[PDB]
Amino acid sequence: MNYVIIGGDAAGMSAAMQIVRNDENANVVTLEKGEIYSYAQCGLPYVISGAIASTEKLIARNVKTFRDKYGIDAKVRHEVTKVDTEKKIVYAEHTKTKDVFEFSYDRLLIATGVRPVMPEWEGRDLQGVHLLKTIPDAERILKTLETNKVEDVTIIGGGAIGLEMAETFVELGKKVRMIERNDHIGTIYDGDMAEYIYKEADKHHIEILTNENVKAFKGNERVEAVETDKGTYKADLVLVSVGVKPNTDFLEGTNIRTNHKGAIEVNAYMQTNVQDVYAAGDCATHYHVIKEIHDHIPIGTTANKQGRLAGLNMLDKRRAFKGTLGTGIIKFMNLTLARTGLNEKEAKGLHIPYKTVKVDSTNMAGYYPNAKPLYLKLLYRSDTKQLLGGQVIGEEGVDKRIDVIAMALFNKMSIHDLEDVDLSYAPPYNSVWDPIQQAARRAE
């Protein structure tokens, strides 16, 4: 009956909505550190590029609707600093006044996501050095672009956010450099597939520096350069995108179990090891359908799914989380980059015996106008032929293929079974055998 939720975004409010819809007696208090509930972080790079009019467009439901329409007691500017799991009390600080409030719970959900990491580099705090996570973050980047002469941009790190932001700055007419981390090589794409990414970057004049270590950001009051172990380069704006950390520091002393990076362990039902405490989203671990271990792959689709499940389970509407597949998709310049399941680094790290098939193909009938190349790779088990993962790169029809591969991994299909599926074909959409099925046929 008293439900407390910490975090006011995808996971926390997916949970809140379930409770509110399915328990009319429920007293729901939500605790959010900032001033903005339920917004699409994913739209941030597209507001910065100007493709979306403003950050207000990213708001999915405001705090006024949560309060007035749904009877949720949604707090803004409340940062939780401590949880007492024996007394069942949450302590929150008002972020302006610093006055302390306490909230009694019957069931608690931790839905506090992750934060971007800023390594301990000289110059970290120079004006124009940025992280990107929140609407205020995006506004500070725009403010730097508005109030300065920005021509050279350096991105530290790659991955989804780094690549999307490279595109965003290219589209804003900047000269973009990105300095990539070698600990992140092979983590998303195999090396033979990442080649298409390097080619596309190079084609659009995005300089990618490999095997080079940042050491300081240089400047007086603002950044003007980035220093690495191999040079110093002019930069008028630096975006740091090198990793994330679960926002779980405040739970120190609660006995709530955490993996090595600080993500909260959850069982099938979003429950922690501590009675009546739950977790969901980027702050929690994510059972992996193919690894069969609790991984950490923080994304918004998983966050919404786990938050919804956590709400249902907190109402005792028992329902197991089926897992994540590690699915990810990125728009990068002219290319779409998609992957799901295990890549080679992951399969090797698990000691799962696998083979691969790679096909350079087209997204549709080769004779049809504007058929575009499509590169597709599948991993499958050597013994049982179970499909393990796929990576797809090209300009069109990539999302279709990764979604089909995601479906196959979800159903634990053997690679050769993909040959039997009655997928759609007409000349404007596909070939009579889909690229996935042609790759399946080449498998042993």
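All residue numbers refer to positions in the sequence shown, first residue = 1.
- Averaged over Cα atoms, the B-factor as recorded in the entry is higher for 93 to 101 than for the other of 263 to 271 and 93 to 101.
- A summary of the deposited B-factors shows that, of 83 to 91 and 308 to 316, the stretch with the larger mean C-alpha value is 83 to 91.
- Across the options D249, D276, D295, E227, the residue with the most elevated CA B-factor in the record is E227.
- Taking the deposited Cα B-factors for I329, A284, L132, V223, the highest one is held by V223.
- Among all modelled residues in this chain, the alpha-carbon of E164 has a temperature factor (C-alpha) in the middle third.
- Annotation for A443: C-alpha temperature factor in the middle third relative to the rest of the modelled chain, per the entry.
- Residue-level temperature factors show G243 in the middle third of its chain, judged at the C-alpha atom.
- When the modelled residues of the chain are ordered by C-alpha B-factor, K33 sits in the middle third.
- Per the PDB record, residue ranking by Cα B-factor puts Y380 in the lowest third of the chain.
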